[PDB]
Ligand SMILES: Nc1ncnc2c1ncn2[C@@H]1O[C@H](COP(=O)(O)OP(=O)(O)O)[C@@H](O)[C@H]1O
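Heads up, the chain below is alone and in the form deposited without the ligand; it's given as structure tokens.
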């Protein structure tokens, strides 16, 4: 625990009573700098008053690491260190646990909720508000909401003992600015939103700083794509047959979107299929008998087209065998559900060509040249040095499993052990990885462990304790300047590589302008560090006044809701589920329904990941009680002592009884109606 020569120079502007934007590229250095700043701040206070330094941390793993190191560093002098999260703030007194403690490591959403309902009426209780990854301050971030409350308390005219912002970062970022005159504007806007006048960056001890944060050399591997594609042809033929079968029941199908020319296996086609799906979900017929079957068949057709587009997107970046395995997994998952006349025709049409797909996929003469170049550079780097660890980055969760399967099923490379980690992702699906499943993978990834290469998603981009890699390879990965710095900064070993393998010149141009934006942000920081403290304070005060005027001017009230009785039909089956006359709002965020006429309209299923949000408990997942629907309506929780199902309007269509038209919403804020609050009775 020896303080380095650069950490003192980084903390010297912070030990003056002024808010700082300290930016260090190293990992442990920021933690040691925050600990030294906390140690210096908890000693300047005289007798009769103590400090209330609060260190905000977004992610749970980095929060637990910071809490562990803070306890191990401060539980010797009589400094009570605690920590609040979702598994901590169930029924604890938040104001009491803030009062009787000194270092609070809460998660900023909890603090925003506390400032919202009835807790901590003024932020003058704390005296040192440190942020982890302060560059995440953005349009409506929880960090930005805390800073909005701080700026409101400051400019309200009742500014008392305001705390100090020592929010550390690793990269300020440019965002979307082209020129230096807009990059400096964005940096000044971030520095005003964080309410500071000093941006600390190590300049004197650069020779003693470059020995631990040794940056990797980048290498672009732009190569051509596949020319002979006997897989895309037959998949596009099956997609054309499915589209003609969909157009057999819907005459005006081409006029349901504004797409001029669509290509199969593209993001344009993936947008068009969702557009035509949301267009045919609101189809109306004045019989209400065969309309259900028509919309159900149309939903099945659009689901099959979307899955074929996703399979083509997977096959364009990976092999044909794993794409066939994904299609077979989808067909097996839909096979376990009900089987009508509509699904059986698509299933037999897929089974009539599955043998042809397998015979084309088994041929090793049409493999991906991206995967060939990746295996070539991997075996080259492992022949040059066998003790290299890679944190190879792929963007899609459905493609990191593909990369793991390609690494496992390959006779050319046998020294690679998959250590693939994904992350949480969706909280209402049986996908992704859990916190202990990720922690055991991160602990089992050393220089001598049973893992030498892991296929990371974007979870490894943010603040997380990973081993010192030297073989960063980005397989079709595209990001901003912040993502590029956070990805390049991971390979801080004594000699590393930052390979970028894309089949597009667009991603190479994006990486080139990202490096240009990094150099421009460095020049902008060097220019901004030369300004005086008096002019910069007036500039950030003007920017804060303008932002406060913009925030207080755009106060749009709730419009007058249509006090009508409308029914919420199903999104897939278009069956009568319930009315809007009985919709209860629990905590201005969750919407439930009541009555004995709804309990026989849905079925239950065990939930994959049960947890609690703030006061509920994930008990079951609900589904439509039709013959073959299997539609995710919502979830089933227990509020205080009674179980209620809370639904989402996203899997719903709002049909009006008076007029007869049916609209389509996505979120609950867009739906305006006579919302009755939840009563504990009935």
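C-alpha atoms forming the largest set that superposes within 1.5 Å between two forms make up the rigid core. Residue numbers count along the first chain shown, from 1.
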item: Test item: residue 617 lacks coordinates in at least a third of other entries; value: yes
item: Flanks modelled, residue 294 absent in at least a third of other entries; value: no
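If you look for the form solved in complex with the ligand, you will not find it shown, but the lines that follow are about it.
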property	result
Pocket open vs blocked [the ligand transferred in the entry with it bound by site C-alpha superposition; 2.4 Å, backbone or C-beta, 3 atoms]	blocked
Touches the ligand in the entry with it bound: residue 645 (any heavy atom, 4.5 Å)	no
is_contact(residue 95, the ligand) in the entry with it bound, heavy atom dist at most 4.5 Å	no
Touches the ligand in the entry with it bound: residue 25 (any heavy atom, 4.5 Å)	yes
Residue 631: touches the ligand in the entry with it bound, heavy atom cutoff 4.5 angstroms	no
Contact residue in the entry with it bound, chosen from 523, 372, 465, 152 - any heavy atom within 4.5 Å of the ligand	465
Candidate from 70, 652, 32, 63 lying within 4.5 Å of the ligand in the entry with it bound - any heavy atom	32
Heavy atom contacts to the ligand in the entry with it bound at 4.5 Å, residues of 1-26 in sequence order	1, 2, 3, 4, 7, 25, 26
Candidates 300, 146, 528, 187 - which moves between this form and the one not shown, C-alpha at least 2 Å, core fixed	300
Cα displacement of residue 595 between this form and the one not shown reaching 2 Å, rigid core superposed	yes
Flag for residue 550, CA shift 2 Å or larger between this form and the one not shown after aligning core	no
Core-aligned C-alpha movement of residue 29 between this form and the one not shown, 2 Å or more	no
Distance direction in the entry with it bound for the C-alpha atoms of residue 427 and residue 83, relative to the displayed form (3 angstroms or more)	farther
Comparison of CA distance in the entry with it bound with shown form for residue 430, residue 266, at least 3 Å	closer
